[PDB]
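Given next are two forms of a protein chain, the same chain in both, each as structure tokens and marked structure 1 or structure 2.
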Structure 1
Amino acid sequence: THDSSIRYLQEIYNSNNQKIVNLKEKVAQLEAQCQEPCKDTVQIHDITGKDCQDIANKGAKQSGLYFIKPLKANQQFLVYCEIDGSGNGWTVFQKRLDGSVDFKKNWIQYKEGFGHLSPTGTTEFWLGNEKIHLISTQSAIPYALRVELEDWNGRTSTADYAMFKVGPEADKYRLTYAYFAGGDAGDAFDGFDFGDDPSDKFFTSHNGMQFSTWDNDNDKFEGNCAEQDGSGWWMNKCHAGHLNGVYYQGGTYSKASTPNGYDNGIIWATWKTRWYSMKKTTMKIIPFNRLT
């Protein structure tokens, strides 16, 4: 007689029928742990204002991403604010540190901006000309400009300009400053005496120049500086300071490396030969009354 037989199959059944009930509870517990998305490291700060210095003055202590809205701006925009312990807040508008982003862009792109903003300041970008204009002319309070450079041997240098301003698109976002305010990188925006030509310096200065891109020529050359050197900048037949140039791994490059035959790198002639390209670059502005 199949005594225990049908009695055993009943134990197994009833048993792995209680296991099923238990496994389901454990499943639901699992489902509860898989409802949240991946954690994003980049986050935006709550505080806001006219510029970084304003945000600094309101308590902001760490460097990162903030929204700002200059007086005449009709919409707010994201920016990277550099804030040190002394209470100074810088509004960065240009960064180079690895040739990951292409700077051979057109007029609209240099206007609206391109690249990426990181909370760590480890990304390349160009905040647009429109924003740089709104920030630097929002009021009468004069702004200063600081250019930071790093070569391929850890050495850094700076260049400061007072009363820094960028005009409207109506005037091709012309570049302007009152005077060079010092710095060991030298006043390249003043032009450089490259050689024999009696007017090298006059041709390579930048104060007063309008912005140029391959599709919108506003330089003082008969050809197209932006098109040849492949970039967007305040050209003048052409340049002596070129921060939005072609990134060359290792700095040193030659005429054979370029396609048009001219120095198209990230140069600052008063600090390095025009055949040496920077490894890092930074352009930022802060109210002048903050350095003095």
Structure 2
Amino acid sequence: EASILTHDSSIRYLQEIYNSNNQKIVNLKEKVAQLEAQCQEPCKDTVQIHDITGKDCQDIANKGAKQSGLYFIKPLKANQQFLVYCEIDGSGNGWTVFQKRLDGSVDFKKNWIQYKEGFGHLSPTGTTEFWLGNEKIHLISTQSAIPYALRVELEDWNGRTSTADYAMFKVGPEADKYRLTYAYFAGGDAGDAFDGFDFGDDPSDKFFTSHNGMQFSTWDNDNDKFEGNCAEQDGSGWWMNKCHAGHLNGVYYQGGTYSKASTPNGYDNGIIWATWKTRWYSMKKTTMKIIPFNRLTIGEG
């Protein structure tokens, strides 16, 4: 039996793997500490906001900014700064964008407070739908008596684009609801739907579908010239009369063309501009933006 004691050696075998295993564990814990040092940062966000600031996108463009994208602005009378999308050109013109339609992802049937404050999303590439907010449009367009211009840009389901300019554009205070006012239609291939249109269903159509001097309305705050509620019937937020001839915050129809049956009450409620297409053609893309009038927009210097 003083042989079976061959175990002396076998036992020393086991002791060796036991000891290398322990060190291999210590080594592995070192390697785990080195993976940890690589897993500390957050995912990288592609969206970024520029640091230059000013009273509006034109003030930003005069301070040197060259790129289109996200910036903070702060008009004189404004209490807090707010984010906007600035459209900058090679000619140094800085446009502040307040409305964008491009794919139907956002729902534009919002209430009085959502039209006041703003809804939708901002993007550095300008590839998102939004409404900037009536309070903001009011603050930028009425800073110390500086004539402002509005430019509307349309696009149809064939790549074809048209524009429409308005001089001395202003949005009024919340106490005047946010009345839209402009002096004159300043040109453009899309024509002047703000002047109203004669749809022919009646001799009074042109007068009841003009937009100058109309208060803003939403389904829960009616200030239209109609006995019913234009905003609740057409499903949007807009400067309604009885009810409209231009309607960019309307319903997004895929394909352009749509008909009375597609509508929920039998009225045209799509993204329309009556001097460019029928009331039964809804646009593919839209943009509303503003700039001090002395600049471009059929402008001086």
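Each form is matched to the other, and the largest set of C-alpha atoms that superpose within 1.5 Å is called the rigid core. Numbers follow structure 1, counted from its first residue as 1.
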- prompt: Just one of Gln62, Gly195, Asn74, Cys38 is at a hinge of the rigid motion between structures 1 and 2, so which is it?
  reply: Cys38
- request: Name the rotation angle of the smaller rigid part against the larger part between structures 1 and 2, given in degrees.
  value: 10
query: Taking the rigid core as the frame of reference, how far in Å is the Cα of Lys255 displaced between structures 1 and 2?
result: 0.4
- line: Expressed in angstrom, the C-alpha movement of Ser139 between structures 1 and 2 on a rigid core superposition is 1.4
